[PDB]
Amino acid sequence: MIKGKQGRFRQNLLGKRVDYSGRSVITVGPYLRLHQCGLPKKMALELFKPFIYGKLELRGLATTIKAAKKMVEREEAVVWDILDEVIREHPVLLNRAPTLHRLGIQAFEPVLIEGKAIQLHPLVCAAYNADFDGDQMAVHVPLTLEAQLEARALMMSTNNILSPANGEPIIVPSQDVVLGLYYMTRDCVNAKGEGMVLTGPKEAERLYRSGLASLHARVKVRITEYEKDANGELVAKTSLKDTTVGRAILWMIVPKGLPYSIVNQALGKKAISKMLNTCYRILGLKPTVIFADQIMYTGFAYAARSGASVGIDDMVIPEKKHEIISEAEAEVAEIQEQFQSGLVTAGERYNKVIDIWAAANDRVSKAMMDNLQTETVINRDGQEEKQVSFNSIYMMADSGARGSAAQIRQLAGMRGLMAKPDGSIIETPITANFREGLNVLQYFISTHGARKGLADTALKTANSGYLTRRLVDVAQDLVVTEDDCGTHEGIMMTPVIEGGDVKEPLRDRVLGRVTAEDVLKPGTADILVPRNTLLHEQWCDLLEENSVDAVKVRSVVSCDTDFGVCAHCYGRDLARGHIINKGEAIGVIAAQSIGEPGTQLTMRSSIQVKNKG
Amino acid sequence: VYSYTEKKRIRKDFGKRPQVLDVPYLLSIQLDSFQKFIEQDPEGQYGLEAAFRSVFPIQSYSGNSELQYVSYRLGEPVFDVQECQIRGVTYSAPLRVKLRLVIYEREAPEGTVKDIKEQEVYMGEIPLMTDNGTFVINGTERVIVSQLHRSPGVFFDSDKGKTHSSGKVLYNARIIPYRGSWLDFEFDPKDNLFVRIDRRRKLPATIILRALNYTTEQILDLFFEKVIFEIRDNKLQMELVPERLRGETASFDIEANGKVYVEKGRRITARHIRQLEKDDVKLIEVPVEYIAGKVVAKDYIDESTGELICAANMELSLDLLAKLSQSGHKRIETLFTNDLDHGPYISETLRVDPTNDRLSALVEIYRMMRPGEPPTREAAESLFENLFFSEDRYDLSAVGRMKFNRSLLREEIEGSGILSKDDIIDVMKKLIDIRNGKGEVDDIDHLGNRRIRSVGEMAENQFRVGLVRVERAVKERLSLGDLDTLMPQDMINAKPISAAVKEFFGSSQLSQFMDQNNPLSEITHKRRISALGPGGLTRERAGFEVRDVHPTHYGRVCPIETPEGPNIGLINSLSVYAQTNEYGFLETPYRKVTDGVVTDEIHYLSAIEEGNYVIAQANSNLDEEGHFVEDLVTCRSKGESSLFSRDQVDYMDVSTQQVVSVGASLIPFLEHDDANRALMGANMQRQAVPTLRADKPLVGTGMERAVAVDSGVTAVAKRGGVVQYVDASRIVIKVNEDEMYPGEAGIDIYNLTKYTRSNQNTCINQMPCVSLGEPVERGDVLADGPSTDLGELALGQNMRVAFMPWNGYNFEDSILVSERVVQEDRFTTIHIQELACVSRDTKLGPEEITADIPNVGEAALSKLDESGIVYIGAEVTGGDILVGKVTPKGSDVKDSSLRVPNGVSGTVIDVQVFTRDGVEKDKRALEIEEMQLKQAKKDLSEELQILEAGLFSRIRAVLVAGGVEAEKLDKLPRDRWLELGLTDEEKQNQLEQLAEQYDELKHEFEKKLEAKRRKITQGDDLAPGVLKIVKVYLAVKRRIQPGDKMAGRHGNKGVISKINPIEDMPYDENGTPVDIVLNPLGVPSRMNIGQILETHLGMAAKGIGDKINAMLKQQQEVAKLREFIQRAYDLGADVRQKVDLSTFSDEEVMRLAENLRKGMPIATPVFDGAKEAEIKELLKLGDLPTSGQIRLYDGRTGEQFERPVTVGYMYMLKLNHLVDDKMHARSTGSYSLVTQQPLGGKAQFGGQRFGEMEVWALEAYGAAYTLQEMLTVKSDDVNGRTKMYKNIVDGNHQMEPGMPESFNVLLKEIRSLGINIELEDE
DNA sequence: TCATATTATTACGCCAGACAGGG
DNA sequence: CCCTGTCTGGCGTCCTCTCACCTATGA
Ligand SMILES: [Zn+2]
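Basis of the calculations
Residues numbered from 1 in each chain as written, not as in the entry; some residues may be left out. Chains lettered and ligands numbered in written order. Part of a larger assembly, values for the part shown. Heavy atoms only, no water. UniProt positions renumbered as here; feature names shortened; annotations may be inferred. Helix = DSSP H or I, 4+ residues; strand = E, 2+ residues; numbered from the N terminus. Buried < 20%, exposed > 50% of the residue type's maximum accessible area, 1.4 Å probe, protein only. Areas by Shrake-Rupley, 256 points an atom, 1.4 Å probe, with all protein chains shown as cover. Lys, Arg positive; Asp, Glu negative; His and termini not counted. Charge placed at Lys NZ, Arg CZ, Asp CG, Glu CD. Donors = N, O, S within 2.8 Å, 3.2 Å for Na, K, Ca; no water. Tetrahedral: all angles 85-135°; square planar, octahedral: opposite > 155°, others 65-115°. Near = heavy atom within 4 Å. Polar contact = N/O pair within 3.5 Å; in protein donor to acceptor, adjacent residues only side chain to side chain. Nonpolar A, V, L, I, M, F, W, Y, C, P; charged D, E, K, R; others polar. Contact = heavy atoms within 4.5 Å. Patch = residues over 30% accessible without salt bridge, like charges linked within 9 Å, V, L, I, M, F, W, Y side chains within 5 Å. Salt bridge = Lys/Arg side-chain N within 4 Å of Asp/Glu carboxyl O. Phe/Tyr/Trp six-rings, centres within 6.5 Å; stacked < 30°, edge-to-face > 60°. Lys NZ or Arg CZ within 6 Å of the ring centre and 35° of its normal. Pairing = 2+ DSSP bridges. Axes fitted to C-alpha atoms, helices over the stretch in contact; angles between N-to-C directions. Parallel < 35°, antiparallel > 145°, perpendicular 65-115°, else oblique. Buried area = accessible area lost by both parts, 1.4 Å probe.

- UniProt lists a comment for chain B under the heading Subunit, and it reads "The RNAP catalytic core consists of 2 alpha, 1 beta, 1 beta' and 1 omega subunit. When a sigma factor is associated with the core the holoenzyme is formed, which can initiate transcription."
- Reading the Sequence similarities entry of the UniProt record for chain B gives the comment "Belongs to the RNA polymerase beta chain family."

As structure tokens, then:
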């Protein structure tokens, strides 16, 4: 009754079953602002029975408690106004069932739903690892007043816009919205309204809506970008940018301080992520929340206007694919004719066959990748001119919405050399993609390769979860409990180099960590930075300009604090811009941030210089 | 030619390869196994006769009486299957066994017995199988799932790397019997051979040789060859066959015949062996340093002194040679211990052995097996002679002896079930050979090494357990038997056999509850091959390789239909064409290929036969003769897919469906999907609910017909003919005369099972699909079951789907649905709930069934009668009352009255009541008694009259050869009829023959109706104990709503997000809205591109349907329809279908075109499907654009979507994960007993488990107060939660926390040890 | 009904941790 | 007496939903 997974510790004292809680299937609802979620009326009237009882007893409609329970058992016409007056400013904790890190419990404000499904704002889904293929979430109600304030001030979904494992934003726009942006801010060499001049972004959207120009048609506009070059003062500079119609329409949504060159490019997924990141580093939190919502709304709207389907003709077969396969078949014929006459060894034969099928696979991938990335060739006022294609699967790949090089490779080019479960590769590849039909043997080899992957994930998840458990129980105690340990020791952060090109730069390792002694400028004996400064982005840029060798920085393992970690030897807060506060549990967020990517990890001569120096 | 429901709607069948072997009956594993179990099969194998011929005749220990066997039988079941499911009894049969007791006198092995007695005794009841492969165990309908276990017979396993931490391989060898003790041999890293029995302690293995009465010299004769040292002129020369020097270093001077052959230093090559064989070199003189390391073979004794020189297996030194040379033993036999090949493993094991003779070997084996209790001669000898060598407790079966002789390369395959000396010695020899290098190991995933148990084998093993218990009981009663005052039921007892066989059929890991929501799901739960179960591996332990697909699965096990999660690849599903071998292995069909011409004869192979041959591929182009049109063809030799010549192959695959199963060969365009999404597609396709209106997949594979027939959910006609079609109650089929028996005039009356409960609360319902007066053939379907449409298989429905992002409402995998889907009720499924109410006599008198419901007012007596219980039908919801069932003294009354659960609605469709003999008021119980009483007689006479009408006419019909006088035959009406003489010439006794029929009809009807009333007149039929037994069947009708789950056949899951109006849908320029919008972004990542080809080909199918709907609505004479139908059925490449359409009588064209105006159905088979050019060509026959993509406008803005989008028809299914079975919320209610925390689940009104990682997530924030109320006030602390509820309803959000109760439970459980845990200072 | 009290299967995979054996 | 096979214990993912089945004996 004590030990085990089902004893008292792991089953009734660390985890408890909980009143004022609910559970249902999730769905999208993209009209939401990212601090609010949809919550059904039936669940809302069940979870908030005591607040409704208290409200009903305050008005004077009833007398005893029984009367109120009969009123909400009957659900009369007056308790729905009571319910909209108990919801209004009362957050709830939404929780997806495998919570791995702290962004899997977030607090929203309810918006009542005719329905029986929790409507969950889409950007927030990338935090929960929540798709909508049958998922379920639990709602919990903060009862007391300190818990409502903790849900609004610590656990609100507007407050979690950076992942605590690093500095990367977690409210990155996921899949439909990056397709809507990548189709919006792009260009083509001729459209309606090529090379006309526009007096502002407002009439750019007016020309797109009336039907006189196209969403991607290159155009000189006059935009007024606000650069804040003074000390907190926004200076207007207006100019004519040679841009498109879609870039001006998306400029109507960008806040004041960002420059126009954040939208002047094509805006895949990495570019929109660093757009939101530069907005958070410059303009702070509230413009970044409202701008994340306006990004999501305009991405959904112009992805709807795009009509970006997928067809059977979109997967363009290379015309050179069959001759490449016949040249590889002639090469394996030469190698096996040498094998009949015994000139070569068996291992060298197997190595030569795997090498020519790897070379033919790379050539087929380059043939289809040229045939997709520049297939469109349209003329403008004369001879032809080429451009990047508006093929649907190519925009779904190039935008980074869903797809890569490998998946679009397997839908058009040959799908490689699949490997048998012995671990060694199979010498006869799967020369047929998915647009052509796989025959029987090729699909069976494919099933070898995919059954191994499903078995690996379904057995990998147990070790990933047990690793997170061991990590949060070794951490478990360590709380930021001082402000300075008063030391001069700390580890020597250098960039890491394995022997190829320099892998992880110093700005990734010494971003937001407080230096141990003051870094000498690389010239001679200068106090470039002082000895207890947090290295945020401005300091790291003045480190990259001076090409600083390596920084002696303060590390947690050198902290002199008895029973805890001081506030300087930890570093930056990582989801807050400042230093770690006195109190915030860093052992648990650290253990979750190491063990949470446990699913994505796998389970089962001489020196040649490259550069010149 | 076609049958008559085949000419209704003949599906356009793509497919180029002519099929040679039609699909076998898909439930043949279950049916053939259980038909083997119960069948009167003389020669004894296999069945119940094997059990009775093993256990009988029982003779006691010289008790001079020997009960023997004659014959067995199974009587009728007392309950047919329907009333058996209704009542709750098992569907069983009584097992009537004839037993013949003969009793001897003194001294009669040969003497005649003094007395006999014989009777048809009754032992157990065995559960029979329903005709569809199911059991009915206790009211519920269960399925035994066929196991996949290791075969009996020897296995040579390696375990090459992990032990010893030194890279040294071991080699063990397991002799797995079908029944009995396990014997394993195994090396250890000191290169010594060890035996262990039943995974016990480790004995050095040659002791088992010393247990088989082998001396040391005989063992060394077996495992070693002799090298002969002859005492000669000098230095004791050596016989040397040159094979023994292979690969070793020449230590000495190799010379003979006055010639130096090989000098010292160089290794001996095979050319030197050829020199020694050409030069005929045997005898060479050795130095004394050569014999100074070798080991003697046999014993030698000094002759004159009379003592021992050396024991066998002793290494030799020079002074030992001085001992044995001077005595007079001229021959010296040494053991050739080659370090390369012939290792000295047995000899070093003999050096490890602490034993010397046979008796100490048996004493050490007995001290291993049974410790503590002493080892005496009789006890140890009986132990070891009944370990392996008696027919009782050790039995390799026929499978085991076949594998045992096959793995040792024996010639024969049939032998005795026990082992012998030579078998154990051969296993040790093959293990030593594998260590030496020759021969190799076996793998365990190889399906030639992996047998299938099925229903008959498992029930036979449990029945044999019951029979050995009843024979120990018969041996008990007989030695205490007094004669002649007992007859054979004081000896025998029906209890242990029935107990064991109901233990297996009720509570086993394989007799499990049938997934019954779908015809597919029934027919693919019956074809399931589980690795789990008794004697097999477990879910949470193993492994990686047994969860993985091995190259012997090609055509035996489906590669892609295995459930994802904790058991992947343990719950494999059987392929389409794969039968089961005689021994239980998996044999699959192949086409025998003698020479260039591929012959149409089939021939079945298993994996231990598939390796030797060379087997072709299913789709390799052969034209008009069977000759492979290439000179090279892809085949597979020994699990290796490789390219071979035109004329080397011996077999070809039969058909191209044969790799996959019946779940994942219903997916069209399987070959274009990814493997992962085909797995998710098949596993979700098992989960579909039956819709209210079944709708014919436009893009099918043609295997829908075989699944919908072979799963017994449709009423397939037994005998062909016409129809009478009363049908409100039953289809009545008049039988054509050729299929009709001479006696038993006979017309077939099919029972339609109307609205009733499935095992997954779905609705199984049959509807007649034939009209009145319409010809049907044998094997044709008559009534469409759940999820069937004219004999095809209609799981979901086909809807117009656009691929586009639509305003974010289909973001990750969500699905946006029009209102035209929910207005038409085209997913509005029907669920049925059984609810029981009983009024058991717990304590303080019995409970009561009365409407006079207390405290509760004129809100109890409402949907019920004046005597209590729900009054049937009605629009009942949640919080209603169905069965008033409350006791007094329980001003002390209460409300246990079974009500309707919270959140559900419905209509009471049926009320069953076999209650405590008394449920009645003053008369409803007996009121209905008279109703049924008069009902029976009516139909009884009616049926007789029905036949009488047919017979009367038949009398006159035959009345021609013996009185055709039409005006002299219409005498008496209901009195007599025929009255004429005949004599001889032609036999016209027909009148007499039919006279007996009517005479017997009335005579039997009376008796038939005599028992009817007898059966009618009764309290009711059920078991005892339970008193008030009221079951009420609600039927909720759930429509579709934001939150349900839909999915196609390709793995495209979706939670339907927004239920749009019709106006806001994307309409094309023709005006029709699209029904369902999916999302294109799923398609490049999830590489299931087959849903797009299904979309385009379904678009083309409905294009033909719209074209026929125009040609038939704007009505044309049938020449233009038959021309367009002929063009639609020719269409393209060389196919198998074409049609013979000009023989459809100018009406069967029109009835076909009436059944095609919703869309022309297209069969795209599994791997030989429709190519893309045929999709384009079919889209050109309909007037649709060739790209598959139409420009679509927006319903909101009226303006065109740029870049035209894909619209087509995908067959989308509604899975039974409905959102108002998942929605749940809890504020406050009931909790558990032991702990003070809330209960768990939905059926218990309970709250969410706020688990461990959520607590770590709140610790990760600063949520200290949220966590404090999350584990103290909201959950556990009783004073805290009552103060909090009062604080909330006063308007004061403040918690008074206290200490959790489960921590004080922890303190008392820790303190209830010898542990003093406390709570210190303030 | 009201005290009487425990036997004839094996088929995980590391990975620490303690123990008798022997150069 | 310091290496050493060998044996014994102790881990092995969270959340949820549906169903059935529960010791023999006995004057
Ligand atoms: Zn410190």
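## Observations concerning the overall build of chain A
Piece 1. The helix and strand inventory of chain A stands at 21 helices and 16 strands.
Piece 2. The principal-axis extents of the C-alpha atoms in chain A amount to approximately 100 × 65 × 65 Å.
Piece 3. Counting over 613 residues, chain A shows a buried share of 51%.
Piece 4. When the accessible area of chain A is evaluated, it comes to approximately 28,600 Å², of which 51% is carbon and sulfur surface.
Piece 5. The positive charge centre, built from 73 side chains, and the negative charge centre, built from 74, are 5 Å apart in chain A.

## Let's talk about the coordination of the zinc ion
Residue and element names in this part refer to chain A.
Piece 1. Protein coordination of the zinc ion is provided by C485 (SG), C559 (SG), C566 (SG) and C569 (SG), with donor distances spanning 2.4 to 2.5 Å.
Piece 2. Its four donor atoms give the zinc ion angles of 91 to 139 degrees at the centre, a pattern that matches the irregular case.
Piece 3. In primary-sequence terms, the residues that donate to the zinc ion follow C-x73-C-x6-C-x2-C. Placement of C485 in the loop between α17 (440-475) and β13 (492-493) and of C559 in the loop between β16 (551-552) and α20 (567-570) is noted, with a sequence separation of 74 residues between them. Grouping residues by exposure puts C485 and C559 together as buried.

## What to know about the protein's contact with DNA strand C
Residues and elements named next belong to chain B.
Piece 1. Lining the immediate surroundings of DNA strand C are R150, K162, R174, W182, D198, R199, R200, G535, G536 and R541.
Piece 2. Each atom of DNA strand C within 4 Å of the protein was classed as base or backbone; sugar and phosphate made up 32%.
Piece 3. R199 has a polar side-chain atom sitting 2.6 Å from a phosphate oxygen of DNA strand C.
Piece 4. Here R541 contributes a side-chain N or O atom positioned 3.0 Å from a phosphate oxygen of DNA strand C.
Piece 5. Looking at the surface near DNA strand C, its residues break down into one nonpolar, two polar and seven charged.

## Some details on the protein's contact with DNA strand D
Piece 1. Near DNA strand D, the surroundings consist of 17 residues, among which A:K5, A:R17, B:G1241, B:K1242 and B:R1249 are the closest.
Piece 2. If you look at DNA strand D and keep only atoms within 4 Å of the protein, 79% of those are sugar or phosphate atoms.
Piece 3. For DNA strand D, a phosphate oxygen lies 2.6 Å from a polar atom in the side chain of A:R17.
Piece 4. Interatomic distance of 3.0 Å between a side-chain N/O atom of B:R1249 and a phosphate oxygen of DNA strand D.
Piece 5. Per-element accounting of the surface near DNA strand D gives the leading share, four residues, to α17(A).

## Description of the environment of A:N581
Residues and elements named next belong to chain A.
Piece 1. Its place among the elements puts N581 in the loop between α20 and α21 (586-595).
Piece 2. Measuring from C-alpha to C-alpha, the distance between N581 and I317 comes to 57 Å, with 264 residues separating the pair along the chain.
Piece 3. If sequence neighbours within four positions are ignored, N581 has contacts with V480 and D573.

## Considering a negative patch on the surface
Piece 1. A cluster of acidic residues, A:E482, A:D483, A:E489, A:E517, A:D518, A:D560 and A:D562, forms a negative patch on the protein surface.
Piece 2. Along the chain, the position of A:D560 falls in the loop between β16 and α20.

## Thoughts on the packing of aromatic side chains
Residues and elements named next belong to chain B.
Piece 1. Under the definition given, this model contains 29 aromatic pairs over all chains.
Piece 2. Judged by centre distance (6.4 Å) and plane angle (80 degrees), the rings of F37 and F463 are edge-to-face. With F37 in helix α1 (residues 28-37) and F463 in helix α13 (residues 455-479), the pair connects residues that are 426 residues apart, well separated along the chain. Of the two residues examined, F37 and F463, each falls in the buried class.
Piece 3. Here the aromatic cluster, defined as three or more aromatic residues joined through ring pairs, consists of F34, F37, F52, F56, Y69, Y72, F135, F463, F504 and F505.
Piece 4. We note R719 situated over the ring of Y741; from NZ or CZ to the ring centre the distance is 5.5 Å.
Piece 5. Sitting over the face of the ring of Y1231, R1226 holds its NZ or CZ atom 4.8 Å from the ring centroid.

## Side note on the sheet that holds strand β25 (residues 588-592) of chain B
Residues and elements named next belong to chain B.
Piece 1. Here three strands make up an open sheet; going across it, the order is β26-β25-β29 and the pairing antiparallel. Each edge of the open sheet is held by one strand with a lone partner, namely β26 (602-605) and β29 (651-653). Across this sheet, the average inter-strand angle for adjacent strands is 50 degrees, counted without regard to direction.
Piece 2. Summarising the sheet, β25 and β26 pair through four bridges and their orientation is antiparallel. Looking at the pairing, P589 lines up with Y604 of β26.

## What about the pattern of salt bridges?
Piece 1. Using the criterion set out here, one finds 96 salt bridges over all chains in the structure.
Piece 2. Notably, a salt bridge pairs B:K16 with B:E1174, separated by 3.0 Å at the nearest N-O pair. Both residues of the pair, B:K16 and B:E1174, belong to the buried class.
Piece 3. Here B:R100 ties to B:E118 by a salt bridge, and the two come within 2.8 Å at their closest N and O atoms. With a gap of 18 residues between them, B:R100 in strand β4 (residues 92-103) and B:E118 in strand β5 (residues 115-127) connect regions that are remote in the sequence.
Piece 4. Residue B:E118 is classed as partly exposed on the basis of its relative accessible area, which comes to 38%.
Piece 5. Connected via shared salt-bridge partners are A:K116, B:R1038, B:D1220 and B:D1221.

## Details of the packing of helix α13 (residues 321-340) of chain A against helix α14 (residues 346-373) of chain A
Residue and element names in this part refer to chain A.
Piece 1. Closest axis-to-axis distance for the α13/α14 pair is 10 Å, and the angle between their directions is 170 degrees. Taken together, the axes of α13 and α14 lie roughly antiparallel to each other. Seen from α13, the contacting residues are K321, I324, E327, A328, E331, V332, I335, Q336 and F339; seen from α14, they are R349, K352, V353, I356, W357, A360, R363 and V364.
Piece 2. Across the contact of α13 with α14, the residue classes break down as ten nonpolar, one polar and six charged.

## Examining the interface of chain A and chain B
Piece 1. Contact residues are listed per partner, giving 138 residues for chain A and 140 residues for chain B.
Piece 2. Across the interface of chain A and chain B, roughly 12,400 Å² is buried in total on both sides, 59% from carbon and sulfur atoms.
Piece 3. Broken down residue by residue, the surface that chain A buries against chain B is led by A:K16, A:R17 and A:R451, which jointly contribute 7%.
Piece 4. Our count for the contact surface shared by chain A and chain B stands at nine salt bridges.
Piece 5. Between B:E1199 and A:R305 there is a salt bridge, with its nearest N and O atoms 3.1 Å apart.
Piece 6. One can count 49 residue pairs in polar contact joining chain A with chain B.
Piece 7. Top contributing element to the side of chain A that touches chain B by residue count: α17(A), with 19 residues.
Piece 8. By residue class, the composition of the side of chain A that touches chain B is 69 nonpolar, 37 polar and 32 charged.

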